[PDB]
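The structure tokens that follow cover one protein chain in two forms, given apart as structure 1 and structure 2.
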Structure 1
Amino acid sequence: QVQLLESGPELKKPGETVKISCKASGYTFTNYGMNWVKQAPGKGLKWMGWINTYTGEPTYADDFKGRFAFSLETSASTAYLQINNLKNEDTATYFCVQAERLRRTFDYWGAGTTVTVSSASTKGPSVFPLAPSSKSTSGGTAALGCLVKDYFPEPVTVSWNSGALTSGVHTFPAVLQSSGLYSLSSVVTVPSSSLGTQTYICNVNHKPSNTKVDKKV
């Protein structure tokens, strides 16, 4: 199993401290080195360091000497990672990885704990229509969409016609605006002929703010 179960996602503000846990199955806990690697959104994999499960001694990688602390709870077979004075650049997914000495490999990886550092306050999005070309009504396939902008934090879910419409639908990954607010669009390609007969409503839901909006397009 080598099972590695990490703690839930974390939403933090700059300067705060976070403590992520990684529970491993005993009867093998002291048989691996407990490493930690960070993966920033769409970035490579960066080894942060590891801690000896037999002695409790941490070894930090040069890039993580200062605000990072590796700890263990040998009783609960649990390993912890703490980051204090959190920065936006700490935003990433942290993996707790068990490693074997002989092979010197990263054998089992945890699911990864996502940490998001931001000063933004919870905010529901504004939903604007992306109207199908009007000055070009009957031309085969129509455009159509919804722009769900300025919300925080992730995620947002968008369906069309309460889920009856899925083909042609393209909901793009959110983008972090310079304002620190996310924005995204969900589009759908329909037949121009259906415009006027077939009504289109995008269903946008943002749970963090308990915001739900339906927008006819």
Structure 2
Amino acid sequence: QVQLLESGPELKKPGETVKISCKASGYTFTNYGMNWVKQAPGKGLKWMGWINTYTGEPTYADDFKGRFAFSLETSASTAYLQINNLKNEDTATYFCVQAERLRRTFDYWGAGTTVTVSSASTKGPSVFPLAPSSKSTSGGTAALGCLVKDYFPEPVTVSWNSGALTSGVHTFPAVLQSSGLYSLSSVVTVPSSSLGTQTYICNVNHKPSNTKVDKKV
């Protein structure tokens, strides 16, 4: 299986503490060493060290001695990564990786758990419609989109018609505004003939604030 269950995204202010977990499937836990590699925004991977899942011995990379601590939960086939006295520099995605002794390979990488360190607060987004041409309702395929802006932190999920729409749909990378809030757009290419007959509603979600809106275009 090699299946790894990572814990959810974390938002915290400087000086606090986080503890990320990673549950390894059964019959996988003691067949690998659990490694932690950091990947800061737009930066390369950095090995933080690893923990022995058989003896429980943690080995820390020198660039990670002090605030980081690896621990285990044997009965739960779970490994923990803790960072105390958090700072902006810790903002990154932390990967839980299973590695094999003899080949020294990072065999299986987990989904990664993001950690955002900011003294800002969560802000739900507003969903404005991107009307499919205000005077052009005919012409093969039309406009059609959804603008979700001024939220924090990332990410937001956007699907069209509850997952019904997957064709032409193009959700864009968030962009950080001068306000410190995020903004992004999700557009869908559809046939001008569908306008009128077919209903179009983009469903947005911002779990960091429990926001879950839908907007008819």
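For clarity, a rigid core is taken as the largest C-alpha set superposing within 1.5 Å between two forms. Residues that one form lacks are left out of the comparison. Please note that residue numbering is based on structure 1, beginning with 1 at the start of its sequence.
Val37: CA shift of at least 2 Å between structures 1 and 2 after core fit?
-> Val37 C-alpha, core-superposed: shift of less than 2 Å.
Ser134 C-alpha moves between structures 1 and 2 by 2 Å or more, core aligned = Yes, because once the rigid core is superposed, the C-alpha of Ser134 moves 2 Å or more between structures 1 and 2.
Based on C-alpha superposition, what is the hinge rotation angle of the smaller rigid part between structures 1 and 2, rounded to whole degrees?
-> Angle of the smaller part against the larger: 33 degrees.
With the two forms matched on the core, what distance in Å separates the two CA positions of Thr74 between structures 1 and 2?
-> That residue's C-alpha sits 1.1 Å away in the other form.
Once you lay the two forms on top of each other by their rigid core, how far has the C-alpha of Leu86 moved between structures 1 and 2, in Å?
-> Residue shift at the C-alpha: 0.2 Å.
Rigid core superposed, please list the runs of 3+ consecutive shared residues whose C-alphas all move by 2 Å or more between structures 1 and 2.
-> 121-217 is the lone stretch that moves between structures 1 and 2.
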